[PDB]
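Engineer: No sequence on hand, only this structure:
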RNA sequence: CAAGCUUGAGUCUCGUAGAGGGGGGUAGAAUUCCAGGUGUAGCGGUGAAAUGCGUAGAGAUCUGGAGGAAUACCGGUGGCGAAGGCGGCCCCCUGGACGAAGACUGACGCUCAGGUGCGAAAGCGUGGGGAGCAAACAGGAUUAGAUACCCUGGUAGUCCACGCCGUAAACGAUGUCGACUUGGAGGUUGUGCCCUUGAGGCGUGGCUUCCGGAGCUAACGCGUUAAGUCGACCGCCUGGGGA
RNA sequence: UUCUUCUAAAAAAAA
């Protein structure tokens, strides 16, 4: 059965980039739209949009620069089989700080650098670079 | 080029000996589907009808059994 | 239903009973009982004419209807009963006019079933008709040898015969021994096999079980002395001769049928 | 109930007994609250191969709707009737009533 | 395969017609097939191999139809 | 399988709205009815394993539904097992 | 923890295809045996022979009868089943799958150590049945030898009822469930629209075969039915021999 | 149509 919608979202993004798709569509969720918002303000996806009322569908407009895809490595970190939680002083720097790590803190979900600035840790949802 | 799908007949009737004789050889054997061009579903129905007729002694099993 | 006894003692360790829950758990029908006195295997001259018989539990004779002549009058089966006189079980049936009789029990007979004899009876297990109206290939039992004499063939626990052919006034039956025999088409017979088919599966377990049925022990010929049997004698175990009966006739293969009167009805001998 | 198509072949020497056999079987069916949707005596016909060392047989077709508890005993009556040579009892999805292709 | 010789017909053409009828009806192949016992695994493998060849030859012809040899 | 009339009768007896055909009580009743109807069949044909697999599928499905019902509303579960005579 | 929602999962109405399973009948071809008619010196078998079958009449041919097993043609990298596996026809009981329109319950779901059930063929027990085939065995050949390959016979077994055994290269050498990622030619099975202006055209589902793009792979290859990109659970591996 | 087997020691280049 489908037991990890966030991983499914990351997988749709990765496959669409590999297959040179302009946009991808998936069933929405408040956490998916939140990660999508983080990616848009960090310049990984062009724009996100959610339509529908009873079964809302989120559509992500992918981004391409110089022919090739922008996101070249995206992976789920805390997966249902093994959860990962890290304190603020030991947060990881993905690709020496050039990449980002989507971390879910108490004050919403934000990037690792923002979490370090704000001084609080949380659950590490995924790395994206 | 299946005659049964052309007429759009629901099911092949085993009592229709006149049409059934056109799909058997002189030896009494069944002519293959790839030769006569009949569709597979009607071919199975046709086979069932031919066997039912043979049981009912309306058609010969072989050309030699007397 | 066969059940295996638990080994709580030797003599019971190997017993396998054949229980039948349908049999009457009471006394047999009084107007049909009659005396059956033992003989000890001794004829009217008082000499033992067949050894290893004697003793055993007392038994009474049940008058079983073998002739089956009540034609046209249907009968309902009152109950199944055990019969010590034969291997098969018997059934107490009640005719419409109020006469009760004993018949052999077929394979599928249960309490409440309807049976009938005669030329116009239905073809179903337990009915008795003359075998010229009975379809060829059918397995029948309690079959007569002469018209009106009563059943003599296929009478044990789980036996039957097959009517394999019919040619004019005679039919050819495949007897239970594997032998093809002719018989007249006017003899009656009952449809279907006879009931207690699992009777051969039982094992007696101990010597006393065979003693209860009036079967005295059997002494092997080689264990005797030369005056008693041809095989007797020898310092040790010696058997240097061809096996023969106590009166000198060979047993291992030698045929003994000498009835030329009935040879004309045996189409083919057993195998 | 269930729809059955019965077709039986009876010995040609009993060709005069076939009306009476038709009456008895139809009487049984109706008495068992059944319907007879079609009944076509095809009469005698030449067999494609000799059955029981005879080369002709009297065919009869009958389309009936009846309970299986009367249909099975009808099969037994066929089994025990020596006059009838064969009988095919096929079960069909719906009642069919059109004339068979061997009446023309 | 019954062949009844018609009036004003040579024996040799009658024999040829009988031979043609026989190879049409497939009696020689059937008897040679049933001469010895063939295991279910062997006949399945043989039919599978036959289908593979019957498809491969068609594809091979299709590829060969494009290119030239000189 | 079950007859159309039998299913109609069962859904009328157990359905809250008489047209639903999907409620847990109705589904459990249908499965129970089919199992009891198949009791006679498997008593005669003891070697029909291919149908016994489907029967076990029905049994496991009914077990899961009863567990779900007992977790959701104990009262309906109790009433249903009382009406159907199920020991657990 | 409480209240929900319908997309996952399931139920109902109308149908469709199928060697899916269990029980009971029945039809035809052929092999063997038995009895009879015709007929005479060979038959059978092999690379060549011989054992064997024949003047006590074989083989061949015709007629009648008995018995057991399996269903030519259809038949198809065709169909159904979770796997093992299932092939004449008819009836009874019965499981699963798929399609079109809705309606309904409302996460009820996926996997599963231990446990339970099913599980080819051979084998075992009890009781039947035994035509053909055929471990063991005997005889005849080949050979230096031939406890084999080849030939003539032939017993357990193969068949039926009920239990036991629980193993296979039990294989797709690829565990189950779900999501995403270019395509082509077919097979099989529903179903919607356009004039079915004939067997026409345009879609949309289920199962399945071959080729191939990116990608993966030690390579061969796999390639929307993945061995690609991911998530959940289980079983298993740590040099070869010993094992 | 049959046609078996050959034990036990080698050497190889390095801009």
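Structural biologist: Alright, I've got the coordinates. Numbers count the residues shown, from 1 in each chain, chains lettered A, B, ... in the order given.
Engineer: The lengthiest strand in chain D and RNA strand G in contact?
Structural biologist: Ranked by residue count under DSSP state E, the longest strand found in chain D is strand D:35-51. Yes. Judged by C-beta under 7 Å from any atom of the strand, strand D:35-51 and RNA strand G are in contact via D:49, D:51. C-beta: built from backbone N, CA, C; applies to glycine.
Engineer: Tell me the helices and strands packed up against that strand.
Structural biologist: helix D:18-31, strand D:54-66 (3 or more C-beta pairs under 8 Å, 6 or more residues apart in numbering or on different chains; DSSP states H and E).
Engineer: How about the first one, which residues are buried there?
Structural biologist: Under the neighbour-count criterion of 16 or more other C-beta atoms under 10 Å in any protein chain shown, helix D:18-31 has D:18, D:21, D:25, D:29 buried.
Engineer: now do the last one
Structural biologist: Along strand D:54-66, these residues count as buried under the neighbour rule (16+ other C-beta under 10 Å): D:57, D:58, D:59, D:60, D:61, D:62, D:63, D:64, D:65, D:66.
Engineer: angle of it against helix D:18-31?
Structural biologist: 20 degrees (axes from the mean of the first three to the mean of the last three C-alpha atoms, to 10 degrees).
Engineer: what element comes up after strand D:54-66 heading to the C-terminus?
Structural biologist: Downstream of strand D:54-66, the next assigned helix or strand under DSSP states H and E is helix D:68-80.
Engineer: what helices or strands is that next one leaning on?
Structural biologist: strand D:2-10, helix D:18-31, strand D:84-92.
Engineer: between the first one and helix D:18-31, how big is the angle?
Structural biologist: This means strand D:2-10. Going by the same axes, to 10 degrees, strand D:2-10 makes 160 degrees with helix D:18-31.
Engineer: OK, contacts around the one residue in chain C that gets nearest to chain D?
Structural biologist: Using C-beta to the nearest C-beta, the closest approach of chain C to chain D is made by residue C:123 at 5.6 Å. Going by C-beta atoms under 8 Å, 6 or more residues apart in numbering or on different chains, residue C:123 touches C:129, C:134, C:135, C:191, D:80.
Engineer: Please apply the same query to residue C:15.
Structural biologist: Going by C-beta under 8 Å, 6+ apart, residue C:15 touches C:4, C:5, C:203, C:204, C:205, C:206, C:209.
Engineer: of those, buried ones?
Structural biologist: Buried, going by 16+ other C-beta under 10 Å: C:204, C:205, C:206, out of the contacts of residue C:15.
Engineer: how would you label the second one: helix, strand or coil?
Structural biologist: What that stands for is residue C:205. The three-state label given to residue C:205 by DSSP: H, G, I helix; E, B strand; the rest coil is coil.
Engineer: separation between it and residue C:157?
Structural biologist: Going from residue C:205 to residue C:157 by C-beta to C-beta, to the nearest Å gives 19 Å.
Engineer: Also residue A:18?
Structural biologist: From residue A:18 over to residue C:157 (counting by C-beta to C-beta), the distance is 81 Å.
Engineer: More neighbours: these two, which one.
Structural biologist: Ranked by neighbour count (other C-beta atoms under 10 Å in any protein chain shown), residue A:18 and residue C:157 place residue C:157 first, with 18 against 9.
Engineer: Let me know whether my guess that that one is in a strand holds.
Structural biologist: No. Assignment of residue C:157 by three-state DSSP gives coil, placing it outside any strand.
Engineer: OK, contacts around it?
Structural biologist: By C-beta under 8 Å, 6+ apart, residue C:157 lies in contact with C:87, C:88, C:194, C:195, C:196, C:197, C:199, C:200.
Engineer: at 10 Å what do you get?
Structural biologist: C:18, C:86-89, C:105, C:193-200 (C-beta atoms under 10 Å, 6 or more residues apart in numbering or on different chains).
Engineer: any idea which of the residues you listed is closest to residue C:77?
Structural biologist: Of all the contacts of residue C:157, residue C:77 sits closest to residue C:105, with 8.5 Å by C-beta to C-beta.
Engineer: Pretty sure the closest one sits against residue C:91.
Structural biologist: Yes. The criterion here is C-beta atoms under 10 Å, and residue C:105 meets it with residue C:91 at 4.3 Å.
Engineer: and the residue of chain E nearest chain D?
Structural biologist: residue E:2 (14.6 Å).
Engineer: Where does that residue sit, in terms of helix or strand?
Structural biologist: Here residue E:2 is covered by no helix or strand, with elements defined by DSSP H and E.
Engineer: Next: residue E:49.
Structural biologist: Taking DSSP H and E as the definition, residue E:49 sits inside helix E:40-64.
Engineer: can that helix be found next to chain B?
Structural biologist: No. For a cut-off given as C-beta under 10 Å from any C-beta of the partner chain, helix E:40-64 has no contacts with chain B; the smallest distance is 11.3 Å.
Engineer: re earlier: ok, now which ones touch the residue of chain E closest to chain D?
Structural biologist: Residue E:2 touches B:26, B:27, B:63, B:64, E:18, E:21, counting by C-beta under 10 Å, 6+ apart.
Engineer: Go again with 8 Å.
Structural biologist: Going by C-beta under 8 Å, 6+ apart, residue E:2 touches B:26, B:63.
Engineer: Same question for the one 4 residues further on.
Structural biologist: Contacts here follow C-beta under 8 Å, 6+ apart; on that basis residue E:6 touches nothing.
Engineer: try 10 Å this time
Structural biologist: E:14, E:17.
Engineer: and what of residue B:16?
Structural biologist: Counting by C-beta under 10 Å, 6+ apart, residue B:16 makes contact with B:9, B:49, B:53, D:100, D:101, D:102.
Engineer: still on that earlier bit, so of the buried residues of strand D:54-66, which two are at opposite extremes in space?
Structural biologist: Taking C-beta to C-beta, no two of the buried residues of strand D:54-66 sit farther apart than D:57 and D:65, at 26.3 Å.
Engineer: Helix, strand or coil: sort out residue C:163 for me.
Structural biologist: Per three-state DSSP, residue C:163 ends up strand.
Engineer: so it touches residue C:136, yeah?
Structural biologist: Yes. Using C-beta under 10 Å, residue C:163 makes contact with residue C:136 at a distance of 5.6 Å.
Engineer: ok, the two, which is more surrounded?
Structural biologist: residue C:163 (22 against 13).
Engineer: Next, the contact list for that one, please.
Structural biologist: Contacts of residue C:163 (C-beta under 10 Å, 6+ apart): C:131-132, C:134-140, C:143, C:171-174, C:183, C:185, C:189.
Engineer: and the gap between it and residue C:132?
Structural biologist: As judged by C-beta to C-beta, residue C:163 and residue C:132 stand 10 Å apart.
Engineer: One more: residue A:44?
Structural biologist: Distance, residue A:44 to residue C:132, by C-beta to C-beta: 100 Å.
Engineer: Look at the two and report which has more neighbours.
Structural biologist: Higher neighbour count among residue A:44 and residue C:132: residue A:44, with 21 against 15, using other C-beta under 10 Å.
Engineer: quick one: the helices in chain C?
Structural biologist: C:207-211 (DSSP state H).
Engineer: interface residues of it facing chain D?
Structural biologist: Within chain C, the positions near chain D by C-beta under 10 Å from any C-beta are C:122, C:123, C:124, C:134, C:135, C:136, C:138.
Engineer: List buried residues within those.
Structural biologist: C:134, C:138.
Engineer: want to throw the residues of chain C next to chain D into CSV with distance to residue A:107?
Structural biologist: Listed next are the residues of chain C next to chain D as CSV, based on distance: C-beta to C-beta, whole Å:
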residue, distance to residue A:107
C:122, 93
C:123, 93
C:124, 90
C:134, 98
C:135, 95
C:136, 97
C:138, 93
